[PDB]
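K.L.:
Right, I'll just put the structure down here and ask away after.
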Amino acid sequence: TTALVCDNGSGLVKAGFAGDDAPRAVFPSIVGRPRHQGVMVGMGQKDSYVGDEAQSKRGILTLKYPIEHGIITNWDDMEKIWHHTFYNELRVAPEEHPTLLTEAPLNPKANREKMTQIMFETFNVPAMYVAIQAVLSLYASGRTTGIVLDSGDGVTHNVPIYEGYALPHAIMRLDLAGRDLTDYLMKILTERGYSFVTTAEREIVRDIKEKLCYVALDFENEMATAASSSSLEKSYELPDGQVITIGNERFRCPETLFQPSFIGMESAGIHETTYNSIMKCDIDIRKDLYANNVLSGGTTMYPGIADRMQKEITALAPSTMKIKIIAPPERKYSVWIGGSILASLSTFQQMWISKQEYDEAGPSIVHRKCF
Amino acid sequence: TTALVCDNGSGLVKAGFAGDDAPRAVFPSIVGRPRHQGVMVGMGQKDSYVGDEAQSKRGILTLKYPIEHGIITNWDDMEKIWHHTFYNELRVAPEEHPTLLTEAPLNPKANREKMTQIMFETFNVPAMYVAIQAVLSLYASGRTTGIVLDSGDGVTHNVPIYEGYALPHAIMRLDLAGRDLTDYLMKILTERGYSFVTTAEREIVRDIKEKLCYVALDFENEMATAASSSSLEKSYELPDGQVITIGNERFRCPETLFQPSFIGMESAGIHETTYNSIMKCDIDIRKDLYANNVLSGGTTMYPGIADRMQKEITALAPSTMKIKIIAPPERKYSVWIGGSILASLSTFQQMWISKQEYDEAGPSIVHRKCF
Amino acid sequence: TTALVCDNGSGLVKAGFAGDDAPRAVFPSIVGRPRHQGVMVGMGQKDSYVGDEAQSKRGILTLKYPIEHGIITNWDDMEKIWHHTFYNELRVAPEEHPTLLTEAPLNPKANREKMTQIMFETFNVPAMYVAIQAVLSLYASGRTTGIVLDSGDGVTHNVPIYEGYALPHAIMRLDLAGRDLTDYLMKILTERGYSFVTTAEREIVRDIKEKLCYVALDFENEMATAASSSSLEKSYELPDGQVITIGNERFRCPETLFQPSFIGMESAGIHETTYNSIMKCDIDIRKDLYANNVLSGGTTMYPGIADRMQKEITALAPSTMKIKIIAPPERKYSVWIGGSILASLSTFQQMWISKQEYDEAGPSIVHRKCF
Amino acid sequence: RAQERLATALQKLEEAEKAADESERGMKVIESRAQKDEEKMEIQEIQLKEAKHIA
Amino acid sequence: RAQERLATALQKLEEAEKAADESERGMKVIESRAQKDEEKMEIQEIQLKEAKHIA
Ligand SMILES: Nc1ncnc2c1ncn2[C@@H]1O[C@H](COP(=O)(O)OP(=O)(O)O)[C@@H](O)[C@H]1O
Ligand SMILES: Nc1ncnc2c1ncn2[C@@H]1O[C@H](COP(=O)(O)OP(=O)(O)O)[C@@H](O)[C@H]1O
Ligand SMILES: Nc1ncnc2c1ncn2[C@@H]1O[C@H](COP(=O)(O)OP(=O)(O)O)[C@@H](O)[C@H]1O
């Protein structure tokens, strides 16, 4: 038997089989419902589109994300997402496959409890397990120490690990991510004349962000460069023509990661929460952590983010340390890759939570040594 | 010297002097041009009528608004509007008076820059300043905290302010207003046979709206009351005769503000964007914001809108807070009143943009700390 | 002439006159600065609020503490705190009043030296003196023998004293205190879905802790009873609503004092450092020290901490010894009471550091016999 | 055919611009590395002269 | 008009391959300069250690 590695994320579902080199199914975690009335009789419209289909019918739907910041807020939508993943994308029967699921640090406990209750009762999986995203990133990176910065789409977090032991008191979690960057980019494009308001235009703005945004190495110098030159402006082609041209908005959007006061948050940038997690860690492992700073997740994928973060952390740390930032090209899928590695490990086969254990001890079994 | 206060708005120009209790020139923001040929030689008729004269010559002209949603789209028309305001309604020389202009939040920047350029090059004013409409509304209301909902004719926006500090990340702007309500009323008045299609029958429909429409405290109960009785059905007399009778669409028109799906918009009602702005603010100013919910602008003048807003926000917010809605009788002119207060403040005489500052720094000087 | 008694501590300034039963000015030692834009001209707002004023405007300010763990890390902020205490809370001219200050054992020397340099050059007092907090606790307790546990807000320490002689080699200092308990409570509240991240929400969490937390007599049995029943659940009403329900983290928070491994510290609990200070002392005084175990400071104010510490120390010490724990109801102010007593003693008037002594010997006069 | 070759030339322009701007970013991070190198160099040469004189 | 924007696409392709060959030649010269810089910085780091040891 083989296991299923479903990294449900928050804004992208990634599923596949344990032992693969990459996820087989990657689609947005979206549930769309029609908002107009529907006149053609006989074509038999359905009531909810889930996944990559909702992006095709995007023009006549209201797109909902069932998961807000790591946390699941709509359990019916999430059951639809999982059903679509199991049956219409992987085409497997979950009654005969263990399932490894992934979660961010410092979430509510009812999240995991309801997740496993659903997986055992609605889908009847034989076993299941919930892993932390950062640990799986560090598996897939081929390290055993290092401070991992996993910037997804709802949540950003640092998890310092040394020699296979994690330092829980030094785990930092920040609720600024790609979704807030998209909202800031909408709000900041509005000052050039373009307005995107609907949930179906949020997707167009997310595409603009992915395709044109980058991190400036020096924010003030890039601002002056954009104010004087015009060599920074790119054009983008909306899905109906009418090209839009954006200038300093390209590097002004992901700069919110380093100055979260742009969106009215009080906290510190990612370069500073990384350093603060390191300084919470014990003094004997800080050199290794400085040398093994691992990036993963979709929001770490801007051009120039590694160079920017190295410049910042280097200016912060003592001048006699080797700051080094590991940013693989397959960053976005690191959590899934590590999950596949972990579920294929042979030592792991007695760490699943079986159906018998669940029927014995209730959903509370999730927080036990079978974590 | 004295400063002028020109509240351009979108659909009604309001001008006056700084230090008065009310504007002395309120006229529509329309520019009409004749559409027929013109036979009587010696008539010597003009080519474009501005303001209140166009409303007299409606039946002969095509009426155009130079401001769509806050944004100015026809700069020649807007320049005609300003010339009329300065020389024919107020009878002042604009090269001797500072001018305070107003604008809505989250507009393009070229709007404000071109406005400044016009006011300095064409009209040659000594100083000028562009202010936000919601802040001026809060000046006129006598508060210093509170979340203001300024529903004009182009745009609707919430701007939460606490102790004189505005929270820009919580500013909301919606493009539903009196113009969209007029269009919806034109559309649903065809269910009874009345047809208003001309650009000059829109003014008749706007008059019908102002004089007969009201907000229902409960929408289904008023729907049933209109379906059964006839006690809520009222009549109106056109400029031609032939009275029209308005039934349940007396309250279906302004209900679009609370159900923007009526006109096919995706967004949420004003009662819900207000609450979302609250919940986007901090946690320890929300009680004051709930208690100081300020209404202004012409689209808030419907009967029953304050009671409806209170019922809705009360059903939304927690059950332990006093929700209060401030709705003065001189709502429609609140922005202008606050503008006069501000421009008369002696502290303000150092916030003007002088002409020499402009001549040396270009029109970009508008977005500086005078923003 | 009268002396002032300013007990700074790390998070609550409390001052007054020598010869009173209580301080007349107790306020948090925070300095807030506005972090938002500021739109209302003529508001004339300030740039930094200190003390209790900054607590009313939390939703607008970013709150700093100028004292981290006993140690002062922001001298400008501390100078502001002292200026506020002298002129606005007390309304006295500090150039005509001797001032008694306190500090914790085993701090840097520059802390104390710079403190006296400020008090002589800036505030220009005629005399001053710095006292150890535990000694003043022992004065106020009415004893001359005993081991005093002074858990403040940044630092905890034991200081054994016998017949008025302090045994410096047995002094223990621990950097676990109320601030770390607040951070741990913020971290474990996220298990139920509440998130407090802002520096202004740290204060909400501190009030929650003060009002609801208590020390369990038996930690494992309390965990079992919280898992089984629901009689421990208590609700708290935030500044808005969404009343939060707190379960076993009512007593999991202050249990960090007895198990510092919860927050990833290596050291041992307060009961064990107390016992270790005892066994570090001589053998002829351990009986009196067991019988005179004095608690003081705000973190010793949890319900049940005296009974818990007696149970632990009794299990540690030999069976033939009677353990006693003195916990007055005015523990939070014991250091100030003792400071007032000491400064009013007529014998003490020869122990002040006069201004001429300072002028002739430099700030080094503070570690000298003029202690 | 004209539209086909238009689109192909466009996508090739896109690829070339990607490569060129990435090279620009690389050369900028390299020259910054070089100035940081040079300032570390001056500091370490100065401590070298200090160590040699004191030795 | 197809031939018009076609000719502009082709001239853009010419200058774009110009920018691309400049990118590649520049990155070659700058990677050579880089490797030189790291040779220099490592030899001077070892020399700094030697100097502190003699000190
Ligand atoms: N090339 C890119 N540049 C910038 N952002 C990107 C890029 N690719 C994806 N993203 C962002 O990453 C987010 C998705 O991150 P992801 O790794 O899928 O997290 P999750 O799996 O939890 O949704 C999206 O919101 C998207 O905006
Ligand atoms: N009593 C009323 N009831 C309903 N709507 C009104 C009333 N009075 C004015 N309005 C609407 O208000 C709009 C004008 O609002 P106003 O405050 O003038 O905004 P602006 O100045 O930006 O045009 C008009 O479109 C009109 O339809
Ligand atoms: N009733 C209480 N229960 C628990 N903790 C308390 C109580 N009252 C105060 N505290 C804690 O005590 C701390 C303040 O202690 P305090 O005596 O002011 O020390 P310092 O003066 O050195 O700051 C605060 O952090 C608060 O959390």
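Chain A is numbered as in Swiss-Prot, which gives 7-377 for the residues shown.
Method on record in the header is electron microscopy, 3.2 Å.
Every residue gets a Cβ built from N, Cα and C, even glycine.
Sharing the feature lines straight out of Swiss-Prot:
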MOD_RES   A:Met46  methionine (R)-sulfoxide
MOD_RES   A:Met49  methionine (R)-sulfoxide
MOD_RES   A:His75  tele-methylhistidine
MOD_RES   A:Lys86  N6-methyllysine
K.L.:
Round to the nearest Å and give the CA-to-CA distance linking the residue listed as 'tele-methylhistidine' with A:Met46 (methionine (R)-sulfoxide).
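P.N.:
Per the Cα atoms, the residue listed as 'tele-methylhistidine' and A:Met46 (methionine (R)-sulfoxide) stand 39 Å apart.
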K.L.:
Around the C-beta of A:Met46 (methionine (R)-sulfoxide), how many further C-beta atoms are within 10 angstroms, looking at every protein chain?
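P.N.:
Taking every protein chain into account, the count is 7.
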K.L.:
Would you count the other CB atoms within 10 A of the CB of the residue listed as 'tele-methylhistidine', including those on all shown protein chains?
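P.N.:
Its Cβ shell of radius 10 Å holds 21 other Cβ atoms.
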K.L.:
In terms of DSSP three-state secondary structure, what is the assignment for the residue listed as 'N6-methyllysine'?
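P.N.:
SS state of the residue listed as 'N6-methyllysine' = helix.
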K.L.:
Fewest neighbouring Cβ atoms within 10 Å: which of the modified residues A:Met49, A:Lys86?
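P.N.:
Result for the modified residues A:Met49, A:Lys86: minimum number of other Cβ atoms within 10 Å at A:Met49.
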K.L.:
Please report the distance from the Cα of A:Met46 (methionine (R)-sulfoxide) to the Cα of A:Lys86 (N6-methyllysine), rounded to the nearest angstrom.
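P.N.:
For A:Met46 (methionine (R)-sulfoxide) versus A:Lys86 (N6-methyllysine), the Cα atoms are 26 Å apart.
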K.L.:
In whole Å, how far does the CA atom of A:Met49 (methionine (R)-sulfoxide) lie from that of the residue listed as 'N6-methyllysine'?
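P.N.:
Per the Cα atoms, A:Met49 (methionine (R)-sulfoxide) and the residue listed as 'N6-methyllysine' stand 23 Å apart.
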